[PDB]
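Mapping of the sequence shown onto the entry's author numbering: residues 0 to 194, 196 to 275, in sequence order.
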Amino acid sequence: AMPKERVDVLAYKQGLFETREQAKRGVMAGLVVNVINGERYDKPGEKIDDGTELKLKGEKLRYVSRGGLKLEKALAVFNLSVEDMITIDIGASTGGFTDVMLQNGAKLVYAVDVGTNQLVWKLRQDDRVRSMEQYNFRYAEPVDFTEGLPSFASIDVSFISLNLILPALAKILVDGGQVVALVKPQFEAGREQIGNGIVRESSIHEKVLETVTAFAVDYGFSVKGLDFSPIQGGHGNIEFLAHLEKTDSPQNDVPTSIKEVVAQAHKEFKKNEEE
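Written out as structure tokens, the structure is:
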């Protein structure tokens, strides 16, 4: 049978809370609910299938996983359409971003992940989806994408820098194609700048965004916009959203915006905590 884990620990592992102790308190406070049926968990130690998608009480969620909220925000704040497009979801995991793109009219989604048996079957088996698991995107070649190259890409990967994804993406994405990238300071910052794998400092967030935007341009992408992700990554990490475009004349359209985006992010997460 599917292995089982405590609800509280699973909520922590999925990033709903920053620590296991906070997760236990959160379940006790009725804050953890099942994504599929919306029912609250009452016992922190209830053992459930380790594939169970969880969310916080009151999160309005249309997708198979809470991570879809990240791409949902990005499509709205960058005014992006995927209607009738061939798209690629890099780091597809259980399917949140793929689901977002299907619901927003994508013609085809290549759902790429380095893991095994992650994508939920309703998405795997969708006529618009091409699941490509056990696939390391750093080694992508255009021949692998047999139904057409994509014109839109989403990236949400862990334990690797975008520095290792963007050059591969430049081989696969069509010229003029748009990208939404999750920029995760905990996987971008120097080993010296990372505190339990947590980057708390607004100054290090700014430096990460400067570094990432610069290498995006090096690899042939304009930076068209920046925002912050609506939910935290693991261990309370604030994450950012970057809107890129593949172009022969790349530039950073928003150099002076980094300090403000980092400030807004810290404000929103400070006011979320106090609430």
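The beta-carbon is built from N, C-alpha and C at its ideal position, and this holds for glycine as well.
Own chain partners of residue i with C-beta closer than 6 Å, once the 5 adjacent residues on each side are dropped
| i | result |
| --- | --- |
| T86 | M100, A105, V108, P149 and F151 |
| residue 195 | Since the chain is numbered 194 and then 196, with no step between, residue 195 has no place in the structure shown. |
| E52 | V34 and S64 |
Integer-rounded CB distance, given that residue j should sit under 8 Å from residue i
| i | j | result |
| --- | --- | --- |
| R5 | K54 | Wrong, their Cβ atoms sit about 17 Å apart, outside the cutoff. |
| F215 | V261 | Not quite, the Cβ-Cβ distance comes to about 18 Å (not below 8 Å), so this is no contact. |
| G50 | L60 | Not a contact, Cβ separation roughly 17 Å. |
| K23 | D155 | In fact, because the Cβ distance is near 27 Å, the residues do not count as touching under 8 Å. |
| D112 | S153 | That belief does not hold up - the Cβ atoms of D112 and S153 are roughly 12 Å apart, past 8 Å. |
| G114 | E132 | 6 Å |
Distance between residue j and residue i (C-alpha atoms, nearest Å)
| i | j | result |
| --- | --- | --- |
| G44 | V8 | 8 Å |
| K270 | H205 | 15 Å |
| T247 | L161 | 18 Å |
| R200 | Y40 | 30 Å |
| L74 | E82 | 11 Å |
| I35 | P2 | 19 Å |
| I171 | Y219 | 13 Å |
| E140 | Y134 | 11 Å |
| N33 | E17 | 19 Å |
| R19 | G25 | 10 Å |
| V31 | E268 | 21 Å |
| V76 | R65 | 18 Å |
| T213 | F221 | 9 Å |
| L118 | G194 | 32 Å |
| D126 | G197 | 39 Å |
| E191 | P230 | 27 Å |
| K72 | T256 | 22 Å |
| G37 | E58 | 10 Å |
| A0 | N116 | 14 Å |
| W120 | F144 | 21 Å |
| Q124 | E274 | 42 Å |
Other residues of its chain near residue i: CB distance less than 7 Å, five sequence neighbours each side excluded
| i | result |
| --- | --- |
| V254 | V223, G225 and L226 |
| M27 | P43 |
| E210 | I258 |
Other residues of its chain near residue i: CB distance less than 8 Å, five sequence neighbours each side excluded
| i | result |
| --- | --- |
| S202 | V262, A263 and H266 |
| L122 | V63, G94, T97, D98, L101, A110, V128 and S130 |
| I159 | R137 and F186 |
| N103 | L74, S80, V81 and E82 |
| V217 | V223, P250, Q251 and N252 |
| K56 | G29, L30, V31, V32 and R39 |
| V173 | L148, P149, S150 and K246 |
Residues bridged to residue i (per DSSP)
| i | result |
| --- | --- |
| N33 | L53 |
| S153 | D88 and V179 |
| residue 349 | Because the chain spans 0 through 275 in this model, residue 349 falls outside it and cannot be assessed. |
| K170 | Note: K170 sits in no beta bridge, so no partner. |
| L226 | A242 |
| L107 | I85 |
| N252 | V223 |
| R129 | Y109 |
CB contact check: residue i to chain B, cutoff 7 Å
| i | result |
| --- | --- |
| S160 | Any reference to chain B falls outside this structure, which holds one protein chain only. |
Residue i CB to nearest heavy atom of the ligand MN below 6 Å
| i | result |
| --- | --- |
| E191 | Among the ligands in the structure shown, none appear at all, so the ligand MN cannot be discussed. |
Legend entry - At least 3 beta-carbon pairs within less than 8 Å: the region 230-248 vs the region 91-100: no
Inset, instruction - Determine, using beta-carbon pairs with one atom in the region 158-167 and one in the region 178-186, whether at least three such pairs fall under 8 Å. - result: yes
Inset, instruction - Say whether the region 10-19 touches the region 222-242, bearing in mind that this needs 3 or more beta-carbon pairs closer than 8 Å, one atom from each stretch. - result: yes
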